[PDB]
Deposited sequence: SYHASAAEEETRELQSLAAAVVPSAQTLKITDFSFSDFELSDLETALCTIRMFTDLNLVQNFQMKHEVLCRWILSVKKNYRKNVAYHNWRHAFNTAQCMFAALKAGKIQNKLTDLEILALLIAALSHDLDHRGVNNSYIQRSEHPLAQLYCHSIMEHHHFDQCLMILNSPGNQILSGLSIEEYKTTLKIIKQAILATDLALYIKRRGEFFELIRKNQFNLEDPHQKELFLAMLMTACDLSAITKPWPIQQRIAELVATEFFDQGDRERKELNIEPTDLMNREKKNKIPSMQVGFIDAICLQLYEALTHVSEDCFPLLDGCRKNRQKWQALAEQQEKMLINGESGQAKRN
């Protein structure tokens, strides 16, 4: 309540002053309260606040519920990873100019899903998990005081909930590797068409995974610090890394950021940043 009062009172600096439109954004210098402000600006500047009549103290309270239900004790899968996933969704919608290709309910759902998609993760060494993450998400969404979708009609609410759930489930990398063949497939034959409801849902999944993974695209000093959190979580349950990093980039990351660059050439900095990191890791791998 002490934290909610400060949060609700504060003025929310512009998207420019917060730097949330940059693919190279980083959160290391922000306090919990500042990521909260960044989050309101994301909602506000996607015009989700007015278009769905969100009340300020509810949105505020909803963000703090989401943040609280990530575990500070987990070195990487925590609020900051979720906050960063949402910042990249924001950036890809704005700077990557993907906003225009989607509808309001899709965008509302993507942002809620990005922020919620790992709720209550306890660490890799501790599609079962994603169903739990969605469960948390919905629970918080229904808590009185946090109900940021209350201004949506029942039909809007039902559509938005379905997309949210699909988007969070899509962050299972096993689901991503199962489905990306089809996605890459349609891009290489210039058959890709967002107006097909199946390809729309497919793209939304792939965009969720690209945001989820996007620490791998950051500028080298930021990305290397994220890598330390990953190594901490995976090893310490709390020489070999450069080749793992190259193996992960090749097996999981590069094609996705390549495909996404075809759907919108303004997402190229994610591909660019991924590429720079691969070469820098490769260099280290050769000792």
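The chain's deposited sequence has unresolved stretches at 1-10, 137-152, 265-284, 334-349, with no C-alpha coordinates there.
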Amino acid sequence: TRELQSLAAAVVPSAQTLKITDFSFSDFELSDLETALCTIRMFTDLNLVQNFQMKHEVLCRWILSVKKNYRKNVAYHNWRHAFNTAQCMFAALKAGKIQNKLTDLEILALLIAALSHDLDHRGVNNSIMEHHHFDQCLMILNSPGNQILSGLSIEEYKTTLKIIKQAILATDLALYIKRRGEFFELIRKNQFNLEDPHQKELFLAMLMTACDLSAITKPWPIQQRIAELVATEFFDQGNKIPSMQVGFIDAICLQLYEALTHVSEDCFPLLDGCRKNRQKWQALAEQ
From here on, numbers count along this sequence of modelled residues.
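For the two forms, the rigid core is made up of the largest set of C-alpha atoms that agree within 1.5 Å on superposition.
Superposition on the core shows that, in 8 other deposited structures of this protein, the C-alpha atoms drift more in one of 64-72 and 37-45; this is 64-72. Rigid core superposition in 8 other deposited structures of this protein puts the Cα atoms of one stretch, out of 90-98 and 130-138, farther from the shown form on average, and that stretch is 130-138. The deposited model assigns a higher average Cα B-factor to 184-192 than to the other stretch when 157-165 and 184-192 are compared. Looking at mean Cα B-factors across 51-59 and 34-42, the upper value is held by 51-59. Per the PDB record, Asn73 has a higher Cα B-factor than any other of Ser116, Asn84, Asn73, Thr171.
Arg122: CA B factor in the middle third of modelled residues in this chain (values from the PDB entry). Among the modelled residues of the chain, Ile140 sits in the middle third by CA temperature factor in this PDB entry. Sorting the modelled residues of the chain by their CA temperature factor places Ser24 in the lowest third. When the modelled residues of the chain are ordered by C-alpha B-factor, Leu207 sits in the lowest third.
Ranked by Cα temperature factor within the chain, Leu18 sits in the middle third according to the deposited record.
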